[PDB]
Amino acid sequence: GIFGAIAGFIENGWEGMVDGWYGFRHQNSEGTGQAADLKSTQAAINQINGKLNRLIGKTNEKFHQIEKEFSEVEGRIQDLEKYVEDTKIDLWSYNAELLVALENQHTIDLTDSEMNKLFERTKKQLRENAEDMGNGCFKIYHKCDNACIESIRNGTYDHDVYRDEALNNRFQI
């Protein structure tokens, strides 16, 4: 949420996008389409897998320790054994709580970041040939067929090819 794309200027997600986490929907004179963006998808997944690699399958071996349940009343020594254990558990419980809150905040932010970065990369690529409609969509001011749309999605779009056409359409009266 800190970048403002996911749950922000992007109104909602796409339940019908099942082959990636981020991507493109278009409309042009040949129809409509959806395609996943691999780079941004993999960037988010890789970061989340980084967190998982630090947290899953990483346990600590412990063997003989102290007793933690007692059948008889004893006083001072047992009071100390119980307090050491209660102290330890509360500190670990705090660590676990904070870890998940912090990590989750950061996951939401980094995924928002990856959406924003994809948006910015597309905005710059389009140069003077499109305008940001404010909702994650660009109005493209030239004929942009299926191959043209794919050139944007794959980073080969040459803005100079279409610039005269686009400027004429944008700055008309």
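Position 1 is the first residue in the sequence shown; the rest follow in order.
Between 6 to 14 and 153 to 161, it is 153 to 161 that carries the larger average Cα temperature factor according to the deposited entry.
Relative to one another, 98 to 106 and 68 to 76 have unequal mean CA B-factors, and 68 to 76 is the one with the higher figure. Of all the options 47, 125, 111, 41, the entry's greatest CA B-factor is assigned to 125. Residue 27: CA B factor in the middle third of modelled residues in this chain (values from the PDB entry). Placement of the Cα temperature factor of residue 121 within the chain: middle third of the modelled residues, per the deposited record. Per-chain ranking of the deposited C-alpha B factor places residue 130 in the lowest third. Ranked by C-alpha B-factor against the other modelled residues of its chain, residue 52 falls in the middle third.
Sorting the modelled residues of the chain by their CA temperature factor places residue 144 in the highest third.
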